[PDB]
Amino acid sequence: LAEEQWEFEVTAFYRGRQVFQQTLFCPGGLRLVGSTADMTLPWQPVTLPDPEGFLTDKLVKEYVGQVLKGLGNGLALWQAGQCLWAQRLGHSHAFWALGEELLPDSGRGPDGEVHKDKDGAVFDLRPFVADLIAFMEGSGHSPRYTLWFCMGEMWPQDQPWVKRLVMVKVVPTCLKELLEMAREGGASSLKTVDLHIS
């Protein structure tokens, strides 16, 4: 089986509303599903909540449920060979990109599309380590670690991400901690500032 998996903080947003946030350590991999799936190891199912208890817009509630239905066997996430991988096992397409912890980038397109096969890499540790080293040298650019997934719809280019039906945020805790260690050592990303004081 798999080994040396990473702990992830998974957060889900239904129409710009946070409905799920859990710190998951799944050593046999995890699958983000839309309904109550049977407990299977490997690939632990992680059930996203029913939008009935979090939303009141009927049309949004029906279409979010349509996206959750399209998850099927779920969005598989696993670590293998210094890299992170994502595979959609259902009918709903998924687009991914790196971004901030509270804001995916809407000015650019997605870094790629989630592969239906098993060769869909969504993160590589080599550029993260190289950017983290340069960040500690005074580059002003911190390495990105937050993985955003847009489920069922196109990536929100030039459109408020809070309008998307299902947005999932995946944060590897080991990478975030490594960036907090660099910031604790004296590094910074605050290159530009313009305070208005009178």
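Don't overthink the numbering: it's just position in the shown sequence, from 1.
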For the C-alpha atoms alone, is the average B factor greater in 7-15 or in 181-189, going by the entry? 181-189
Residue, from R164, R31, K169, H141, that the PDB entry assigns the highest Cα B-factor: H141
Out of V67, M136, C150, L147, residue topping the C-alpha B-factor column of the entry: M136
Give the position of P51 by CA B-factor within its chain, expressed as the lowest, middle or highest third. middle
Quick one: classify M154 as lowest, middle or highest third of the chain based on its Cα B-factor. lowest
Hey, what third does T40 fall into on Cα B-factor, ranked over its chain? highest
Lowest, middle or highest third - CA B-factor, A80: highest
What third of the chain does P104 rank in for C-alpha temperature factor, lowest, middle or highest? lowest
